2 protein chains.
Amino acid sequence: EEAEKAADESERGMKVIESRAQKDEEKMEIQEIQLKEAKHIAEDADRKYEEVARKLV
Amino acid sequence: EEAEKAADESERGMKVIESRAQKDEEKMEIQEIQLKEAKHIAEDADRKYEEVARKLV
């Protein structure tokens, strides 16, 4: 019971950190999207920079 | 032995998961850093866009 309880406590710890890994996986994925979008914009803003800068020229 | 093993599976679970959760925290932090760098590129790419777009106006 104590070992199983330890296993359960260990799983509870694990579920908090598994959930944390998942929160971080989700944040990572959100951030990965934000990265492709932040970089998309870095590039798009530069694409637009050139479109407008070209017009500026 | 199965319960202690379960404790060890759950504890190993935590070691792998905690380390993984940290790897995910790091990948997440990396995506945060990268999206922020990309976002900052976007802040400047957009800022530069604004400067040329404003200058275009």
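Residues numbered from 1 in each chain as written, not as in the entry; some residues may be left out. Chains lettered and ligands numbered in written order. Part of a larger assembly, values for the part shown. Heavy atoms only, no water.

- As documented in the archive entry, the model was determined using cryo-EM at 8.0 Å resolution.

## Points about the nonpolar core
- In terms of nonpolar packing, the biggest core is built from six residues, these being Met14(A), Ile17(A), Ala21(A), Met14(B), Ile17(B) and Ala21(B).
- Taken together, the elements giving at least two residues each to this core come down to α1 (2–56) of chain A together with α1 (2–56) of chain B.
- Apart from residues lying up to four places away in sequence, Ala21(A) is in contact with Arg20(B), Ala21(B) and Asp24(B). (Core = buried A, V, L, I, M, F, W, Y, C linked by side-chain atoms within 4.5 Å. Buried < 20%, exposed > 50% of the residue type's maximum accessible area, 1.4 Å probe, protein only. Helix = DSSP H or I, 4+ residues; strand = E, 2+ residues; numbered from the N terminus. Contact = heavy atoms within 4.5 Å.)

## Digging into the relation of the copies chain A and chain B
- Once turned by 173 degrees and shifted 0.6 Å along the axis, chain A lies on chain B with an RMSD of 1.8 Å.
- The share of interface residues of chain A whose copies in chain B are also at the interface is 100%, consistent with both copies meeting through the same surface. (Least-squares fit on C-alpha atoms.)

## Quick look at the interface of chain A and chain B
- Each side of the interface is counted separately: chain A has 32 residues, and chain B has 33 residues.
- Summing the contributions of chain A and of chain B, the shared interface buries around 2,700 Å²; its carbon and sulfur component is 73%.
- For the salt bridge of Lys48(B) with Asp46(A), the shortest nitrogen-to-oxygen distance reads 3.9 Å. (Buried area = accessible area lost by both parts, 1.4 Å probe. Salt bridge = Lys/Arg side-chain N within 4 Å of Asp/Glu carboxyl O.)

## Examining a negative patch on the surface
- Taken together, the side chains of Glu4(A), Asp8(A), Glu11(A), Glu1(B), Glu2(B), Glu4(B), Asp8(B), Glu11(B) and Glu18(B) present a region of like negative charge at the surface.
- Listing elements by their share of the negative patch, those giving two or more residues are α1 of chain A together with α1 of chain B.
- A per-element tally of the negative patch places α1(B) first, with five residues.
- With respect to the element layout, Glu11(A) can be found in helix α1.
- A relative accessible area of 36% means that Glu11(A) is categorised as partly exposed. (Patch = residues over 30% accessible without salt bridge, like charges linked within 9 Å, V, L, I, M, F, W, Y side chains within 5 Å. Areas by Shrake-Rupley, 256 points an atom, 1.4 Å probe, with all protein chains shown as cover. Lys, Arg positive; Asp, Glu negative; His and termini not counted. Charge placed at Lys NZ, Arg CZ, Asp CG, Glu CD.)

## With respect to the environment of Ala21(B)
- By the secondary structure assignment, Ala21(B) is in helix α1.
- For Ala21(B), a relative accessible area of 0% gives the class buried.

## Quick notes on the packing of α1(A) against α1(B)
- With their axes 5 Å apart at the nearest point, α1(A) and α1(B) run at an angle of 15 degrees to one another. Overall, the two elements α1(A) and α1(B) adopt an arrangement that is roughly parallel. Regarding α1(A) and α1(B), the two cross each other, and that crossing is left-handed.
- Here the residues of the contact of α1(A) with α1(B) are counted per class, giving 32 nonpolar, nine polar and 24 charged. (Axes fitted to C-alpha atoms, helices over the stretch in contact; angles between N-to-C directions. Parallel < 35°, antiparallel > 145°, perpendicular 65-115°, else oblique. Left-handed = near helix turned anticlockwise from the far one by under 90°. Nonpolar A, V, L, I, M, F, W, Y, C, P; charged D, E, K, R; others polar.)

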